[PDB]
Amino acid sequence: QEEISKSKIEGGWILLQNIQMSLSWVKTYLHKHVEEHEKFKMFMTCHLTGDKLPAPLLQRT
Amino acid sequence: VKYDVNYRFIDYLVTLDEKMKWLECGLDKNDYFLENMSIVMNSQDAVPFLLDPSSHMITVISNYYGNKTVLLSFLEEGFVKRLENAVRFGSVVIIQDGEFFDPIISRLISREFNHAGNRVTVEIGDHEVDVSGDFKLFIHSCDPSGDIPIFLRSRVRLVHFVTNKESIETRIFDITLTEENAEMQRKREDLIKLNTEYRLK
Amino acid sequence: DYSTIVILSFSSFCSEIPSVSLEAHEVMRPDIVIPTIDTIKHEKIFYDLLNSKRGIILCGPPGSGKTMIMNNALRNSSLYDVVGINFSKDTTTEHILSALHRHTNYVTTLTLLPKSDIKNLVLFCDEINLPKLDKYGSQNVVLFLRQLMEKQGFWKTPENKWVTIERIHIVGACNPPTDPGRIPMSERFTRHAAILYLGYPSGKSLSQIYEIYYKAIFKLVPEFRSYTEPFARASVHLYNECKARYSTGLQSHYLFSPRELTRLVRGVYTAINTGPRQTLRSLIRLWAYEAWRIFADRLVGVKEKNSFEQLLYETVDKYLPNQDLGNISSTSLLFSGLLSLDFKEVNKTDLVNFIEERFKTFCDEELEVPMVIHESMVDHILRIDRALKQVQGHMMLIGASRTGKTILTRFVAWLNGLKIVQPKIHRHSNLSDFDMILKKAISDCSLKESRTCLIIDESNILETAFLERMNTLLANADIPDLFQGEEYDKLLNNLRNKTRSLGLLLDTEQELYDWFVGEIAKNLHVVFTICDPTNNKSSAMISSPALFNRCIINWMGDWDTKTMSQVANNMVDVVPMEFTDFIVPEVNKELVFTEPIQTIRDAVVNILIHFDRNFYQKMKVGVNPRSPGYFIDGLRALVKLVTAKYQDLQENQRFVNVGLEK
Amino acid sequence: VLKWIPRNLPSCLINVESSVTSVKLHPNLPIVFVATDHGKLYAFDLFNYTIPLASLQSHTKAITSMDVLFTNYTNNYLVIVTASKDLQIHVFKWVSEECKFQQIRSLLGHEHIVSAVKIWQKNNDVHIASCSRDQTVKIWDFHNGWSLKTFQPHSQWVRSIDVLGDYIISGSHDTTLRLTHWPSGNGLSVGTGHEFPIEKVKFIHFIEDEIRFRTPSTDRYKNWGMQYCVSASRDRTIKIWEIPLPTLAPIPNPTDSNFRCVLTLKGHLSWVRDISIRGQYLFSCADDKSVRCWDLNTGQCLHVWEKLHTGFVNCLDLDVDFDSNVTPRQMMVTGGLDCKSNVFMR
Ligand SMILES: Nc1ncnc2c1ncn2[C@@H]1O[C@H](COP(=O)(O)OP(=O)(O)O)[C@@H](O)[C@H]1O
Ligand SMILES: Nc1ncnc2c1ncn2[C@@H]1O[C@H](COP(=O)(O)OP(=O)(O)O)[C@@H](O)[C@H]1O
């Protein structure tokens, strides 16, 4: 959360690893963050055979 | 029992002035969207449930009521206090993420108001609060085919928002007009607005 | 079979039966036992095994009478005290220790001695099979009990020191594993405890026991004392036919037992004691009403209801050949204590008008919800009130959403003076908030002496800890782990202050706690509301052994077409809409649910009912209960819209007509 | 002449367009005053009931209770005070020259609906007593139009009040009764024991006409000014209560801060709505479509008026006998929920 806020304020790429493993966090905080700099790109990697990620996050990426 | 042979819901409930207001707000040109919007606006007793995966109705009803509307959510801290202050003030409230329903507002959903003379109060949380009478509650949920409590599902008016063939055709044709001949599309939309305003006049 | 030794001369049980002369009011006492051959034999052998310093596990079908034989054996002895623990689906060791912490002291000589220095303690544990296996197939409670008997002690958790159990005998009780909801039971634990099979009593034995009960009941009505045997035979035959016809295969909650018949006997006693001068027809109708409210409430389908009605007719005709018998339909037996000073049969129209006026007063006073009153909901009011007037009277209302469950409970609680209490359980509410609200409710019931009708909705339970708390609250009179240590001591001080304030004086902790739990059992009624019984959480809530054996299951279900017709007519009768010519259509008798059509109002209610039927058929609802909220909402919107449209059309036509005239 | 029993049948019938909620009697002339749930306020005649004398709509909501009084002074008109659910108390004027209703002043001061209003005169000064749903009973001045004392004597709101001199009672929703002195503004003693909310409560007045419950017991009670009170609740019971004598600005007794149930009268099939006192008789009504008549000497119902109305029975009254300034006319009238009122002649 701190790094996402800082990289939104002052730029810089960020990457998240195995986001299916923090389902409550990705259902609340990341959903709120994407629901609401110019060289800021955030990457998420996930497993196809894992748990079902929320639909609105995937349709907003 | 007799009924109108060529009856249409839009031609009966959705009046021309409200249709103009909706199309000015940003509502799509679809018959389905107009029917759903008129269904939502005609429920003054039970609160309506909005399921819009594109988050379009949030800004549509935001533009309908101007700047007095307030956006709340079930996932933010202090949501109870925000709704308490909003119902004290008397502003239209749209709650986001409706599939994460909070059972505190079950008295507001069921409309089990306790009338106290000329003042109407509701018991929410652990204390009563006055209802201004201008309060209008909307519940929005951008997640389709999710889980909803049976209490809320029974006591609200579920309104879906899905994209049909006519929406795709209209959007594609508008995009190709804008990218091909901007002046022609501008003249077309200006003539459409002028014709509708002339018919209303 | 009947061999025994009296004080070295062999005898039998024929001369050992003590004659029992039950009075009228002794039936309400739950410790009353009818000594038959099997009861005295099982009591004697259980006491003999208990004095042999061994564990006893009483295996048998539900309702066979394990607890009652236990209490019969242990009431006649001052050596043992009964501690009531009733396991749930997920019970922990800490629950067992908390239910024992009140009764025992830690003495270092550790050692967990009983508080009394002369009386041993019997640590009863019911439903041993209900604790569930882990991921690898092991039970904490069962292995804890095996450790508790084989090694006579256990290892304490926080300070990891070994305690020693001195005078805590263990008595278990469980159903056969073949019964659904039970799990196989480990041999390493069952080896240490002797097993007794307490079977179902025979039909003749049940008939004799309940002939004794009906003699005790009919001692109130001396002129009908000679009719005590046909009533018992009819009740036993009705129980046997209900058990044979309605099985577990149809519905999971069709579990009948002699407890249902005992509740029937108690209801008959209450109606007779709170009743006027009685005649034979009144007795037949009262017994039929009690049978309807005990057996036929849990029935779901309409076919089962009609089969039960025909079975009741056959039983009454076969066993009590009395003529001048009225119709015994569900809505034709309206026994009330509202309109009069005593429980007696009342007419339909005056009861409906009284309900109208009292609901108007309730809407004016507490909260304004404009509900429309029909006959079925009046019958539900009567059975809810009958359940609420009882001592320790709980209920489990089951039905579709927006049937009118919580509002009816509030109305009936207001009728009887019950102070309704609903927990404010929501999202981000832990176990501590539920614990606090239950502690506050218990304190208000006991110290403040306030009649409380606590309501627990299915949505008000989020995790199974709340379900286990409700299980402990219903099964016992209170819950042990609410009051531990400092809270326990301050509650004893407060309760002593309340007791000396009332005037009653006693010094022992035990008798004070019995007074406390008696007051809680007398002044606390729990009412459940379940919307969807097909969910796993609701299924576990219904199938809980403590919730099943105490609550009166009231399967209201979805609205039938008669109730829909009644509410539709009584709500649209205030709309001016018969302003057009109508031709009565030629339609089938089965195609019309209402009265045969003469005007447009019956056609409107028929077309709305038919559309609701088609819409719910096309949604693939199956056997899921169907919510009638759509019907009410559509009818209300219809009323408002037709009023507005008629006003607008009349105004427009008047304006254009006067314009043309000008 | 104080031992009158009404006959088993009504003398005549009075019809109102809506349900009746309160009926009062004109002390001087044979005029019956009838309230109405729809806000109407009729004024019929005891002989010519075809048309009302005067009727008007001053309250936008349901009228709750009302009472009448004729002015007297040491240096001459009838006052009618009507309460309703519109948070307003309206005091009327009944002129005898043209028999019409004149509004005097519409008065505020209650944040919720007002249930009972009481009017009384002491030493050539007419005062208004009123209790409402705002948990406060309020004593008023008619000429000034303002309040005189305001306090909360109960946990929640109160139903009915009655005034005997400077002492006022208050029937509350917590099944309690409370005596609160006006000039000191403090409670005297707390009386509880009912299981259902109070519907109508009123004082017991001493008589010199021998009735057991209408006579002084000790000299201290004779000097106090009151000894007994009667309370009607929703327990289907009428209870006669005992008021301990305080150390008269009276001081409450800590060991005698509780009341005592003098007698419990049972036999109504539903809630006891309103009660009345005449001689040794305790006239009462209920929701069982019946009116009873209980003797204070025996505690048994001598007469039962079965099926007097087709529905609920709302209100009834007699004429006050303890006051010599009001003629004890032998009239009785009872108003019910079936939009009808009936009078009893001789
Ligand atoms: N003398 C008796 N012999 C056998 N059963 C009896 C006798 N008296 C009563 N019963 C029945 O036994 C029931 C009590 O069984 P209970 O101990 O609750 O069974 P369970 O232990 O399965 O809950 C009572 O409801 C009563 O109908
Ligand atoms: N006969 C009826 N007529 C009109 N409305 C009804 C009727 N029965 C139930 N309702 C509706 O049901 C609601 C109360 O239902 P409730 O008991 O709260 O359901 P649940 O117990 O599932 O929460 C009320 O708001 C009322 O509008």
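- Per the deposition metadata, cryo-EM was the technique used to determine this entry, at a resolution of 3.7 Å.

With respect to the interface of chain D and chain C
- Counting residues at the interface gives 15 residues for chain D, matched by 15 residues for chain C.
- Where chain D abuts chain C, roughly 1200 Å² becomes buried across the two surfaces, and 50% of that area is made up of carbon and sulfur atoms.
- At the boundary of chain D and chain C, one finds 2 salt bridges.
- Residues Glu365 of chain C and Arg234 of chain D are paired through a salt bridge, measuring 2.5 Å at the closest nitrogen-oxygen approach.
- There are 5 residue pairs in polar contact connecting chain D and chain C.
- For the side of chain D that touches chain C, the per-class residue count stands at 5 nonpolar, 4 polar and 6 charged.

Remarks on the site of ligand 1
All names here are of chain C.
- Looking at ligand 1, there are 17 residues lining it, with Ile34, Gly63, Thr67, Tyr210 and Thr262 nearest.
- Between ligand 1 and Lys66, the relevant distance is 2.9 Å, taken from an oxygen atom to a side-chain nitrogen or oxygen of the residue.
- For ligand 1, the protein covers 88% of the area, taking 580 Å² as the surface of the free molecule.
- Broken down by secondary-structure element, the contributors of at least two residues to the shell around ligand 1 are α2 (66-75), α6 (203-218) and α8 (258-273).

As for the site of ligand 2
- Of all residues adjacent to ligand 2, which total 17 residues, the nearest are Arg155 of chain B together with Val372, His374, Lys405 and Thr406 of chain C.
- For ligand 2, an oxygen atom lies 2.7 Å from a polar atom in the side chain of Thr406 of chain C.
- In isolation ligand 2 offers 570 Å² of accessible surface; the protein chains occlude 95% of this area.
- Secondary structure elements with two or more residues in the shell around ligand 2: α13 (406-415) and α22 (629-661) of chain C.
- A per-class count over the shell around ligand 2 returns 8 nonpolar, 5 polar and 4 charged.

Describing the sheet that holds strand β3 (residues 31-35) of chain D
Residue and element names in this part refer to chain D.
- Pairing is antiparallel across the open sheet formed by 3 strands, whose spatial order is β2-β3-β4. Because the sheet does not close on itself, it has two edges, and the strands there are β2 (23-25) and β4 (41-45). In this sheet, adjacent strand axes meet at a mean angle of 20° when their direction is disregarded.
- Of the pairings in the sheet, the one linking β2 to β3 comprises 3 bridges and is antiparallel in character. In the sheet register, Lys24 faces β3, and the bridge partner there is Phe33.

Looking at the nonpolar core
Residues and elements named next belong to chain C.
- Formed by 54 residues in total, the largest nonpolar core has its most connected members in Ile217, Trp287, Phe295 and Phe308.
- For this core, the secondary structure elements donating two or more residues are α6, α7 (228-245), α8, α9 (280-294) and α10 (302-319).
- Leaving out residues up to four positions away in the same chain, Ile217 has contacts with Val27, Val265, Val268, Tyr269 and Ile272.
- One finds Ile425, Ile530, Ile542 and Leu547 within the second-largest nonpolar core, a separate group that totals 42 residues.

Details of the pairing of strand β14 (residues 167-172) of chain D
Residue and element names in this part refer to chain D.
- Most of β14 is tucked away, with 6 of its 6 residues classed as buried.
- Alternating positions in β14 separate into two faces, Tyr167, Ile169 and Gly171 on one and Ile168, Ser170 and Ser172 on the other, with burial throughout.
- The pairing of strand β13 (residues 158-164) with β14 spans 6 bridges and is classified as antiparallel. Directly across from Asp162, in β14, lies its bridge partner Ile169.
- The antiparallel pairing of β13 with β14 creates a hairpin that spans 2 residues between the two strands, and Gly165 there sits at a positive phi of about 75°.
- When β14 meets strand β15 (residues 176-181), the two strands line up antiparallel, connected through 2 bridges. Residue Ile168 lies in a different strand from β15, and its bridge partner there is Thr180.
- Counting the residues that bridge the hairpin from β14 to β15 gives 3 residues, and of these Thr175 lies at a positive phi of roughly 55°.

Calculation criteria
Residues numbered from 1 in each chain as written, not as in the entry; some residues may be left out. Chains lettered and ligands numbered in written order. Part of a larger assembly, values for the part shown. Heavy atoms only, no water. Residues with missing side-chain atoms left out of burial classes, pairs and counts. Contact = heavy atoms within 4.5 Å. Buried area = accessible area lost by both parts, 1.4 Å probe. Salt bridge = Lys/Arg side-chain N within 4 Å of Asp/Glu carboxyl O. Polar contact = N/O pair within 3.5 Å; in protein donor to acceptor, adjacent residues only side chain to side chain. Nonpolar A, V, L, I, M, F, W, Y, C, P; charged D, E, K, R; others polar. Near = heavy atom within 4 Å. Areas by Shrake-Rupley, 256 points an atom, 1.4 Å probe, with all protein chains shown as cover. Helix = DSSP H or I, 4+ residues; strand = E, 2+ residues; numbered from the N terminus. Pairing = 2+ DSSP bridges. Axes fitted to C-alpha atoms, helices over the stretch in contact; angles between N-to-C directions. Core = buried A, V, L, I, M, F, W, Y, C linked by side-chain atoms within 4.5 Å. Buried < 20%, exposed > 50% of the residue type's maximum accessible area, 1.4 Å probe, protein only.

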